[PDB]
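A.B. asks: Model the structure of this input:
(one chain, ligands or ions: 1)
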Amino acid sequence: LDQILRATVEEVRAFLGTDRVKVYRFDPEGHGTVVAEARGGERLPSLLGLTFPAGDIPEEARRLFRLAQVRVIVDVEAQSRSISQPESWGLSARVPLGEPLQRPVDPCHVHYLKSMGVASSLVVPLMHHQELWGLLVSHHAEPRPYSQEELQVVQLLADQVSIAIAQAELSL
Ligand SMILES: *[C@@H](C)[C@H]1/C(=C/c2[nH]c(/C=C3N=C(/C=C4\NC(=O)C(CC)=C4C)C(C)=C\3CCC(=O)O)c(CCC(=O)O)c2C)NC(=O)[C@@H]1C
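C.D. replies: Numbers count the residues shown, from 1 in each chain. The structure is reproduced below:
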């Protein structure tokens, strides 16, 4: 798996031309590891070999990803913010869209990205069937808008991997 994702992570970056994109897996114990990583020359540092905990992600945010599969983080400069609210229900209903074409990230996240000096970020969760095995994330030093058309082509490119991460689970 480690080897296969090393070649895949490189292929995406070359296409998305993003300075940094890597694969993130999740361990039931809460620990997460980056087993693959493509870097743009050397503007941003290498995070490979470093274990990141799931704490990085809460829950509600993941819901929309599991609900609307668009997966996009807007310019940390535009200052768009997401937030929690009193008890609520009917989310499982799976209502078509029903929300903006973006997923604002709470300030706590704003710094998280900015602290890394990244103005924008593209994501594409790696899931097999009904399960999520990891998280795809791209980072670059620029607050630029993304196109839905080009996004899909890659969205599919990630689907392929979904097969590799899955097909790999059996062999391994
Ligand atoms: C702050 C109080 C809370 C928080 C907010 C928050 N962040 C996310 C989710 C993400 N976390 C990542 C993780 C990564 N960056 C890396 O370097 C790595 C390698 C291990 C990863 C995979 C990022 C960039 C995301 C975006 C993906 C996603 O949407 O799940 C969000 C989502 C934004 C939104 O509101 O739509 C939230 C809510 N971070 C915390 O740890 C607190 C729970």
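
A.B. asks: list the buried ones in the top helix by length along the chain?
C.D. replies: When the chain is parsed with DSSP state H, its longest helix is helix 148-171. For helix 148-171, the neighbour count (16 or more other CB atoms under 10 Å) marks 151, 154, 157, 158, 161, 162, 165 as buried. (Each C-beta comes from the backbone N, C-alpha and C, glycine too.)

A.B. asks: what kind of secondary structure is the residue of the chain found nearest the ligand in?
C.D. replies: Ranked by CB to the nearest ligand atom, the top residue of the chain for proximity to the ligand is residue 108, at 2.8 Å. Assigned with DSSP: H, G, I helix; E, B strand; the rest coil, residue 108 falls in the helix class.

A.B. asks: need the contact list for it.
C.D. replies: By CB atoms under 8 Å, 6 or more residues apart in numbering, the contact set of residue 108 is empty.

A.B. asks: 772 is where my numbering starts, stick with that
C.D. replies: Understood, numbering begins at 772; the last thing we discussed is residue 879.

A.B. asks: how much space is there between it and residue 856?
C.D. replies: 16 Å (CB to CB, to the nearest Å).

A.B. asks: Contacts for the lengthiest strand in the chain next, please.
C.D. replies: Counting by DSSP state E, the longest strand found in the chain is strand 902-911. Applying CB under 8 Å, 6+ apart, the contact partners of strand 902-911 are 783-784, 787, 789-797, 811, 815, 828, 833, 837, 884, 887, 889-898, 929, 932, 936-937, 940.

A.B. asks: Same question for stretch 922-935.
C.D. replies: 772, 775-776, 779, 782-783, 786-787, 794, 840, 842-843, 893, 895, 897-899, 907.

A.B. asks: Check stretch 819-832 too.
C.D. replies: Everything outside stretch 819-832 that qualifies as a contact, by CB under 8 Å, 6+ apart, is 793, 795, 797, 801-808, 853, 855, 874, 876, 883, 906.
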